[PDB]
Structure formats: C-alpha cells, structure tokens
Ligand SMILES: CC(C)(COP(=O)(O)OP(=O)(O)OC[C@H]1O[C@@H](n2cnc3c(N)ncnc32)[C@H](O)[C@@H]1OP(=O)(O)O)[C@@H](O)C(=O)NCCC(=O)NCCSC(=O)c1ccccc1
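One chain is shown next in structure tokens, namely the form deposited without the named molecule.
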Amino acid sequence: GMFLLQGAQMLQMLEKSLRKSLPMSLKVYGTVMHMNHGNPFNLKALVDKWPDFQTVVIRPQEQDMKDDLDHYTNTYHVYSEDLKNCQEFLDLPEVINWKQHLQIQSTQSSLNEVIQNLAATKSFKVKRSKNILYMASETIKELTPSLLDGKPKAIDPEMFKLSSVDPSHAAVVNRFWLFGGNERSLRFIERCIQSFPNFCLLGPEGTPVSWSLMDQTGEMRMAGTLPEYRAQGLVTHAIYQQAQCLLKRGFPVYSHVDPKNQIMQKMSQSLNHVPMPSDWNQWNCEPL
C-alpha cells in the first residue's frame, strides 16, 4: 500500500522502527531526525504499510520539483526490509517520479538490484556512486553499541578564525565539491547553508580557507580546503566543530569517503570516526 506519515509522533515511531536497521537505514534515519527538527527541506515520509512497514521512502514535495534536470532537488532516501516489496513500492508514480533526473540515496547497497530492475521497466539509465560510510564513535555507541582523544592539533587562532559558512561562501564550496560545479549544485549548497549549522575557518579578509557543511540527511558533506592551505589540518578543525555541534544537539555524526582517498580516511580516523560495513550509495537516474 502507500501511507503518508504526518506529525512528530509518527516521525518518532519511524525513527524507533529504523534503529534496528542501522546502519543500513542510517541515510533515512538521519533525514527523518532532521524532518522532526523543523523539516527545513520540506520533505515527506512514505511507507508501504503502517505501522509494520517494509519500505520507507523520503521524498520532496511535488510543487518544489519543477526543474526536471535538478537531481539535487529530485532526491529520494530509501530503506527496505524486503526487496520485492521495495520494487513494488518504487514502482508507484506517487512514490518516485522516474521521468525526472533524480538521485536515490541509501546506506543499503542491496537496493542496487531493485534500481537496476526498474531501469529496464521505467526506461532510465543509472550511474552508481559507492563510498565508505564513516560514523563518529559517539554515534556508534549511542545507536549501534554492539558494533563499537579525537581532538584536532592546535592551530594559530590569530591566523584562522572559526565562523559559520556564509551564503557568500557558496561559490567556493561549489568550486571544490566533487558533485558540484554548476548552478543547480550552487542552489543546493545555498539551501544547506540556510538550513543547517555549518563551520568554516576564515583567513585573510574573511576568505574561507576550509569548510564543513551538512545536508538534509544530517550527513556531514561538502567539506573542503583551498589547495594552498591543505596539509595543515584546517579541514579537521571545521569537521571537528561541526561534529561537536551535532553531538551536543543529539543528531547522528556520519560522513563518507571515496575508498581511493587515503588522506580523508586518515583525517576521519584521527577524529575517531569509524568505517562502517554498509557502504554509502547514490544512484543517479535519468530517462533514456
């Protein structure tokens, strides 16, 4: 079937039900926690059955998804306890509109089978990004304790000053983001700057030299450093502060790393972030 969740009590019941599917449900779980704290991206949660759902999809509002090319807006967060149910649920046009350029995100790699099946029946092509999921040790201990000083090196506070990311910083974030470099990615970065608590280190003339952001899933993302300032652990500082902020507010701290990126794996380990067994996935889908 198809049921729309509404209000704090249902979103809390969904969070509780997803705790035993961590870390595979983490991409959804983080999104739902941020939906329950002001729903800044104006998302909605769909399940196939309630309360005993098998598949959950977080989607945006139809009337916000006007640009068929804007896969940053057209993002769906999925977790399923049964791949056949999942395929039947993602087959419903009120759940996912496959006629747009879209992204599916999940910490559950097994969904690949479902998405490759629908690629044939809904006539889309798919490109998959698969990365290493990292979680803070504090978040593992709170959420998945059965799976279980991390402070950055001191830097000169006269040279580098911790601030928030300003909207005027969006273009530099966009320039360095692996998934950015265009106007659609710039607008998405600007929505993350408006919506969430992000950190940067300012150098000469309040130019950002290193930055840490997060998106509507709660994941820490879009972090970067100007090339001239790399190898001074500036990015460790912005990420450390962003994580401390989220931990103090009771949110999960998690991120992902390209398995080829040795520097960012070592940076994450220096903060006591742990690689998890369930990969981070994004499927970019567009009509043939």
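Start at 1 and count along the sequence shown; that's the residue number.
The next section is about a form of this same protein that is not shown, the form solved in complex with the named molecule.
A single residue from the set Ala45, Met33, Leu246, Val257 has any heavy atom within 4.5 angstroms of the named molecule in the entry with it bound; that residue is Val257. Residue contact check for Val57: none of its heavy atoms lie within 4.5 Å of the named molecule in the entry with it bound. Contact annotation for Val274: none of its heavy atoms lies within 4.5 Å of the named molecule in the entry with it bound. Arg19 falls outside the set of residues with a heavy atom inside 4.5 Å of the named molecule in the entry with it bound. Under a 4.5 angstroms non-hydrogen atom cutoff, the named molecule in the entry with it bound has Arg230 among its neighbouring residues. Relative to the named molecule in the entry with it bound, residues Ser212, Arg221 and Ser270 are all within 4.5 Å by at least one heavy atom. Listed stretches are 46-54, 232-240, 25-33, 60-68; the contact stretch with the named molecule in the entry with it bound is 232-240, by a heavy atom cutoff of 4.5 Å.
Along 262-276, a non-hydrogen atom within 4.5 Å of the named molecule in the entry with it bound is carried by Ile263, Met264, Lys266, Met267, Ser270, in order along the sequence.
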